[PDB]
Number of protein chains: 4
Amino acid sequence: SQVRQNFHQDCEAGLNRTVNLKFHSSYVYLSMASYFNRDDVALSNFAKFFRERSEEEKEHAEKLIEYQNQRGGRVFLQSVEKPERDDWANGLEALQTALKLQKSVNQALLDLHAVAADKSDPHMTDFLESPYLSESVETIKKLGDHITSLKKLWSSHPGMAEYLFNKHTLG
Amino acid sequence: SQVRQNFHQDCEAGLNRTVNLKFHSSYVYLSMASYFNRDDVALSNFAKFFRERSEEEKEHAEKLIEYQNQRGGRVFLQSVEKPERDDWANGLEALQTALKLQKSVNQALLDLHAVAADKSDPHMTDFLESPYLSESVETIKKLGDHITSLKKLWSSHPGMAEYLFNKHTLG
Amino acid sequence: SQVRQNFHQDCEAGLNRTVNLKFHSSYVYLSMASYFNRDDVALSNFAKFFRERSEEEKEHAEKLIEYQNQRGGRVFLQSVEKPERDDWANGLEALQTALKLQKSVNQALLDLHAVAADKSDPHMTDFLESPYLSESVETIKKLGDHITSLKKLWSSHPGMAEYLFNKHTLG
Amino acid sequence: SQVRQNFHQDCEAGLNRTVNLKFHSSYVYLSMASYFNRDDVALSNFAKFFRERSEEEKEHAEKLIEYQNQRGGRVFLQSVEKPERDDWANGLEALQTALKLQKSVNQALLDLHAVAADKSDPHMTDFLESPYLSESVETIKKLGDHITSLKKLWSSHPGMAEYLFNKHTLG
């Protein structure tokens, strides 16, 4: 590529592997959103929350693809694996699963960053720092906060817990 | 009728029988609304919800009468039977009764549609599809959602359940 | 499901299979869009065109998932297979591939419709007719038009063809 | 300097050498702009494009001088060498020369960054990352895109190529 400069093969490959991870996360969130819209679950604000998380992960995936092209790397798309579950049990379990998902994606972004730093690519480290790394820790903090509040309500009455949280926190 | 064309006797008769069903549903909802305005029940938002359901069924009944005239059929009104109950027990029982009512009205609209299709009346099938059939499944989904949320709260404290739902969901 | 009524297993299954098809189409278009943003291809308006086609297919996939829930069916997501190619050759080949893709998706929607009609589900046939079937034939006509115009320019100079079309038709 | 802190001699020297490079680039672009305004070349939009590139490089040179002062370093200006050519042949050759120029300036910014990182100067690495390194890769991608589009048109008719590109891409 006539445009390529100081762009290592490993950074190019790590980038393609990270967009697949981002698409997989989006898919997981889509599944959660759909689960909460079920007539036998009916937690509209949980659904809404996961739907926006889904769109956000999709958006990240697309910006990474754009970054690949801007640096003169070549995009290679892989199949997107379906979510690990179709039934997400309840609002608390869904929230806890999301925290784990966010931590694994954050780790992947950290590893990619480490590769870019190792290859002396200041453009890529800068790109990954904001808003990717920033968004991750903010989302992780918010999810952690949510889990703490939902757990408190859960100890009393889980039935009432989800209803109140859906209305007062997620709404 | 100088206007009549491709309008079968069975579709004309099914139509008159369906408007009576619509008036009966409206009457049932009116009864529920009135029940929730009782000083010993006092759930203003449940009342409001059933009052609008009542007006909506009345509106459908009137549009079907108009359709009858537009096709050159003749309207024959029957007596409107009173609701099956005067006391609706509580908010959950009222909601569950409404779901059953909605399913029976939906079935009646499906049967009427089947007759129109059998008689090759594309104008009538189209008319019944939107907004009648559409409104039915939307209302059925909403009622199903409501019943799920109210049941959750009910398991903890039914007294608090109705109060909270009336305020946060129906208000 | 307390909400389910006149919803056949085959329609439920056909629906889950169609959302996967919609996600696969979106993915194919995303690949095409990314291909045209390559520095060695550089056709920004072709990219833009395929990017919106991608978002539109994604949107359809999501509305079908919502329809599934509204009818009381259960959503089952499958892995999304990657596009058949990573390099799309040129603007004309990309356009011709899209026409084939659109015809296969249209066929799938027709088959699903036929199942709904066979099972006497007027709500589903109505839902599939607009805007799904409508959007398909409009897109197919537009793509056919585009291919005809691009082919005309191609016979003279393909290099100039893509440049002019990207500017005057897609821009 | 009473203001100096954690500012290495090598970073100070690299900075003075980089502003001279920036002034030289600006001068090169000024020459290209002037060349395209010649009555026997007459490509007003190519001229305009290179004129803004010139002003942008000049602006960078000035901000680096300001950075030098802010850190307590001392500015030392050197003579600005004239461009390597006075005649730039044509629009494609001019574009290709600019890509090479941009790559060499990008490399110089990367080397300077490496020195700042080696000397543990986080203020300078941060300063160089945005908008310097960012602007470079964006300009390099845009130039690469332009060269690809112009080459396509060139294969057919170079005379028509420059005229069309000047109007549709640069205008």
# chains A, B, ... in the order shown; residues from 1 in each chain; ligands from 1
$ residues_around --residues "residue B:16" --least-positions-apart "4" --cutoff "10 Å" --atoms "only C-alpha atoms" --output "PyMOL selection string"
chain B and resi 10-12+20-21+61+64-65+68+73-78
$ write_last_selection --atoms "C-alpha atoms" --output "PDB file, in the first residue's frame"
ATOM      1  CA  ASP B  10     -71.618 -14.154   4.970  1.00  0.00           C
ATOM      2  CA  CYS B  11     -69.193 -11.235   5.136  1.00  0.00           C
ATOM      3  CA  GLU B  12     -72.115  -8.884   5.688  1.00  0.00           C
ATOM      4  CA  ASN B  20     -71.873  -6.461  18.592  1.00  0.00           C
ATOM      5  CA  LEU B  21     -68.772  -8.229  19.925  1.00  0.00           C
ATOM      6  CA  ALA B  61     -67.412  -0.933  16.430  1.00  0.00           C
ATOM      7  CA  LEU B  64     -67.117  -1.477  11.165  1.00  0.00           C
ATOM      8  CA  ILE B  65     -70.640  -0.024  10.930  1.00  0.00           C
ATOM      9  CA  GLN B  68     -70.858  -2.051   6.263  1.00  0.00           C
ATOM     10  CA  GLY B  73     -74.438  -3.953   3.300  1.00  0.00           C
ATOM     11  CA  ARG B  74     -77.187  -3.334   5.833  1.00  0.00           C
ATOM     12  CA  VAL B  75     -76.540  -2.715   9.521  1.00  0.00           C
ATOM     13  CA  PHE B  76     -78.543  -4.748  12.046  1.00  0.00           C
ATOM     14  CA  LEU B  77     -77.856  -3.956  15.681  1.00  0.00           C
ATOM     15  CA  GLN B  78     -78.438  -6.447  18.490  1.00  0.00           C
TER      16      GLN B  78
END
$ interface_residues --of "chain C" --to "chain B" --cutoff "10 Å" --atoms "only C-alpha atoms" --output "list in words"
residues 1, 2, 3, 4, 5, 6, 69, 70, 71, 72, 120, 121, 122, 123, 124, 125, 126 and 127 of chain C
$ residues_around --residues "stretch 39-46 of chain B" --least-positions-apart "3" --cutoff "6 Å" --atoms "only C-alpha atoms" --output "MDAnalysis selection string"
chainID B and resid 36 49 166 170:171
$ atom_distance --atom1 "atom CA of residue B:109" --atom2 "atom CA of residue B:15"
9.4 Å
$ atom_distance --atom1 "atom CA of residue C:158" --atom2 "atom CA of residue A:66"
26.3 Å
$ select_by_dssp --residues "chain C" --states "helix (DSSP H, G or I)" --output "count of residues only"
129
$ residues_around --residues "residue A:163" --least-positions-apart "4" --cutoff "10 Å" --atoms "only C-alpha atoms" --output "list in words"
residues 42, 43, 44, 45, 91, 158, 159, 167 and 168 of chain A; 149, 150, 152, 153, 164, 165, 168 and 169 of chain B
$ write_last_selection --atoms "N, CA and C atoms" --output "PDB file, in the first residue's frame"
ATOM      1  N   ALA A  42     -40.413  -8.951  30.123  1.00  0.00           N
ATOM      2  CA  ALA A  42     -40.931  -7.595  30.143  1.00  0.00           C
ATOM      3  C   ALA A  42     -40.212  -6.517  30.962  1.00  0.00           C
ATOM      4  N   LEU A  43     -38.937  -6.286  30.670  1.00  0.00           N
ATOM      5  CA  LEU A  43     -38.159  -5.252  31.350  1.00  0.00           C
ATOM      6  C   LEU A  43     -37.619  -4.350  30.242  1.00  0.00           C
ATOM      7  N   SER A  44     -38.500  -3.491  29.739  1.00  0.00           N
ATOM      8  CA  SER A  44     -38.209  -2.583  28.638  1.00  0.00           C
ATOM      9  C   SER A  44     -36.964  -1.720  28.763  1.00  0.00           C
ATOM     10  N   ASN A  45     -36.679  -1.238  29.967  1.00  0.00           N
ATOM     11  CA  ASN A  45     -35.494  -0.410  30.159  1.00  0.00           C
ATOM     12  C   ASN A  45     -34.185  -1.191  30.220  1.00  0.00           C
ATOM     13  N   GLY A  91     -32.245 -10.043  35.220  1.00  0.00           N
ATOM     14  CA  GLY A  91     -31.542  -8.775  35.141  1.00  0.00           C
ATOM     15  C   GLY A  91     -30.189  -8.725  35.822  1.00  0.00           C
ATOM     16  N   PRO A 158     -36.388 -10.074  44.889  1.00  0.00           N
ATOM     17  CA  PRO A 158     -35.901 -10.003  43.507  1.00  0.00           C
ATOM     18  C   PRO A 158     -36.975  -9.594  42.496  1.00  0.00           C
ATOM     19  N   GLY A 159     -38.219 -10.007  42.737  1.00  0.00           N
ATOM     20  CA  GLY A 159     -39.308  -9.651  41.837  1.00  0.00           C
ATOM     21  C   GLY A 159     -39.477  -8.142  41.763  1.00  0.00           C
ATOM     22  N   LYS A 167     -37.266   0.836  36.324  1.00  0.00           N
ATOM     23  CA  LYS A 167     -37.945   2.119  36.353  1.00  0.00           C
ATOM     24  C   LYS A 167     -37.077   3.297  36.821  1.00  0.00           C
ATOM     25  N   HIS A 168     -36.428   3.132  37.966  1.00  0.00           N
ATOM     26  CA  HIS A 168     -35.632   4.194  38.566  1.00  0.00           C
ATOM     27  C   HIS A 168     -34.197   4.380  38.170  1.00  0.00           C
TER      28      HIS A 168
ATOM     29  N   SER B 149     -45.165  -8.162  34.687  1.00  0.00           N
ATOM     30  CA  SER B 149     -44.629  -7.210  35.660  1.00  0.00           C
ATOM     31  C   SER B 149     -45.452  -7.184  36.949  1.00  0.00           C
ATOM     32  N   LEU B 150     -46.771  -7.203  36.825  1.00  0.00           N
ATOM     33  CA  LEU B 150     -47.611  -7.191  38.008  1.00  0.00           C
ATOM     34  C   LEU B 150     -47.442  -8.485  38.821  1.00  0.00           C
ATOM     35  N   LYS B 152     -44.786 -10.304  39.123  1.00  0.00           N
ATOM     36  CA  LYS B 152     -43.518 -10.228  39.835  1.00  0.00           C
ATOM     37  C   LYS B 152     -43.694  -9.499  41.157  1.00  0.00           C
ATOM     38  N   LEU B 153     -44.322  -8.330  41.110  1.00  0.00           N
ATOM     39  CA  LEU B 153     -44.563  -7.529  42.306  1.00  0.00           C
ATOM     40  C   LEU B 153     -45.511  -8.214  43.289  1.00  0.00           C
ATOM     41  N   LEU B 164     -47.784   0.429  43.351  1.00  0.00           N
ATOM     42  CA  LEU B 164     -46.593   0.748  42.563  1.00  0.00           C
ATOM     43  C   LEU B 164     -46.826   0.677  41.052  1.00  0.00           C
ATOM     44  N   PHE B 165     -47.508  -0.371  40.606  1.00  0.00           N
ATOM     45  CA  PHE B 165     -47.800  -0.565  39.188  1.00  0.00           C
ATOM     46  C   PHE B 165     -48.698   0.561  38.643  1.00  0.00           C
ATOM     47  N   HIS B 168     -46.181   3.656  38.526  1.00  0.00           N
ATOM     48  CA  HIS B 168     -45.053   3.545  37.612  1.00  0.00           C
ATOM     49  C   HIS B 168     -45.251   2.987  36.233  1.00  0.00           C
ATOM     50  N   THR B 169     -46.239   2.130  36.059  1.00  0.00           N
ATOM     51  CA  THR B 169     -46.461   1.571  34.741  1.00  0.00           C
ATOM     52  C   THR B 169     -47.646   2.209  34.053  1.00  0.00           C
TER      53      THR B 169
END
$ residues_around --residues "residue C:14" --least-positions-apart "3" --cutoff "9 Å" --atoms "only C-alpha atoms" --output "PyMOL selection string"
chain C and resi 9-11+17-19+111-112+115
$ residues_around --residues "residue A:31" --least-positions-apart "5" --cutoff "10 Å" --atoms "only C-alpha atoms" --output "list in words"
residues 25, 26, 36, 47, 50, 51, 54, 82, 83, 84, 85, 86, 87 and 88 of chain A; 65, 75, 76 and 77 of chain C
$ atom_distance --atom1 "atom CA of residue B:80" --atom2 "atom CA of residue B:58"
12.0 Å
